[PDB]
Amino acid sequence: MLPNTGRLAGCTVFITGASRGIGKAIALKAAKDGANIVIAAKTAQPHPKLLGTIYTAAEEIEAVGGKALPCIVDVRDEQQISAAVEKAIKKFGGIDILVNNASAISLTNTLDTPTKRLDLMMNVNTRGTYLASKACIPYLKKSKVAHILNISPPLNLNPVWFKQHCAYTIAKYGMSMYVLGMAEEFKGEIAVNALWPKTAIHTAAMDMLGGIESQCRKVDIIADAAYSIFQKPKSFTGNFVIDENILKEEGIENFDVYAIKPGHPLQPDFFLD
């Protein structure tokens, strides 16, 4: 795998959706440098259907070397975003990295999508990423690292990605369009980039959406790609990174260590031709 480096020692990483899955896995990689992880997600109490809370994530994060600040945050509510940001500053003194990882998905089409799901996608994905970015920016300006990373895809405008689940595509594409804009707006001050996985990534949310277990990569791959980006200087900006591509640059050749079952065919991720 791709080894930790120390770069992030004492750096504060604010990650939306770090209660489980990819978000949590990014936290754990940054955590191994002795980073401080601000966990911004909704799950404060055991739910019968989801696994893990902000508090179990916090524990995991401490067990591999980091400090964790669990905050209850629904990114649909600006007040909860700004309260967690304030808690991060009071506690840690600053924010050096924001990862906009929280998202909601519904693969329905025009007549199928209930308005409450439309709004949920628009409001968690596009709106959430904007507000989380707006709150963190004034602190990112002061960071020696200063990275914003959106988990969202390259802007691939082939009609095939819109013919179905259009609402979901627009919601995700909006996060990547903020990359396009904010990279330019904050050139020299904040690096802003997207990261997206070449393949499906094993996750209890992807299991529910997907038999699919064996066709996936480990969350380790995205964690590791995201760690690579975090070490780049502030001039690394306006990019739409794909996990596999960024790790080939860093010397990784044998990708089997990242597969759930080495050998088996892997499911292409959405939005890549």
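Note that residue numbering begins at 1 and tracks the sequence as displayed.
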{"property": "Missing residues, deposited sequence, between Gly210 and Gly211 (class: none, 1 to 3, 4 to 9, 10 or more)", "result": "1 to 3"}
{"property": "Mean C-alpha B-factor comparison - 178 to 186 and 199 to 207, higher one", "result": "199 to 207"}
{"property": "Residue range whose averaged C-alpha B-factor is higher in the record, 30 to 38 or 48 to 56", "result": "48 to 56"}
{"property": "Chain-relative CA temperature factor third for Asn245", "result": "highest"}
{"property": "Third assignment of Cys11 from its chain's C-alpha B-factors", "result": "highest"}
{"property": "Assigned third (lowest, middle, highest) for the C-alpha B factor of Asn239", "result": "lowest"}
{"property": "Where the record places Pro70 (Cα B-factor, split into thirds across the chain)", "result": "lowest"}
{"property": "Chain-wide C-alpha B factor ranking for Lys134, given as lowest, middle or highest third", "result": "lowest"}
